[PDB]
């Protein structure tokens, strides 16, 4: 297909949030960019940063909003317009509370799972019909509010597994791109 594909990883800006649960999308987007030797650059027409390349013979545009998670959509929308990418050809990688820690699933449309970033994207795109690479982080402990949970770094136990989980998520994204 000649149509461009837009892979978006979701996450908050700053070192304080780089290793948090809510930033898995950013981690996978970097992995993907590293894999195809592409480097992220400022995109002033959207405000996000972009990295370009090719996968499975397809034109690929990787992106990470530079604003806060709750405002992700306002950067992704203008980004899709710039590359004329239809919502359906947009793939967003995100952490998911409704899936067990480490479980990766694919899906087009459906709910936001309580993710404030997805909520933002759906609003900006005017639809829920965009692809998603869901990366399970598990339900939050009863002692913590869900918003606080996603803004914490993974436990030492989980941390040991995060690296392979991201490789798997990056792999699932590539397979998705191919099929």
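Take the two forms, find the largest set of C-alpha atoms that superpose within 1.5 Å, and that set is the rigid core. Numbering follows the first chain given and starts at 1.
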I'd like to know which segment deviates more from the shown structure in 6 other deposited structures of this protein: 125 to 133 or 50 to 58, using C-alpha RMS over all structures and residues after a core fit.
50 to 58
Positional deviation of Cα atoms in 6 other deposited structures of this protein after core superposition, greater for 136 to 144 or 62 to 70
136 to 144
Assert higher mean C-alpha B factor (151 to 159 or 21 to 29, deposited values) equals 151 to 159
Which of 1 to 9 and 169 to 177 has higher mean CA B factor, as the PDB entry lists it
1 to 9
Per the entry, which of 133, 137, 123, 63 tops the list for Cα B factor?
123
Please rank the C-alpha B-factors of the chain's modelled residues and tell me whether residue 85 sits in the lowest, middle or highest third.
middle
Among the modelled residues of its chain, the C-alpha B-factor of residue 100 falls in the third labelled middle
Consider only the C-alpha atoms of the modelled residues in this chain, order them by B-factor as the entry records it, and name the third containing residue 79: lowest, middle or highest.
middle
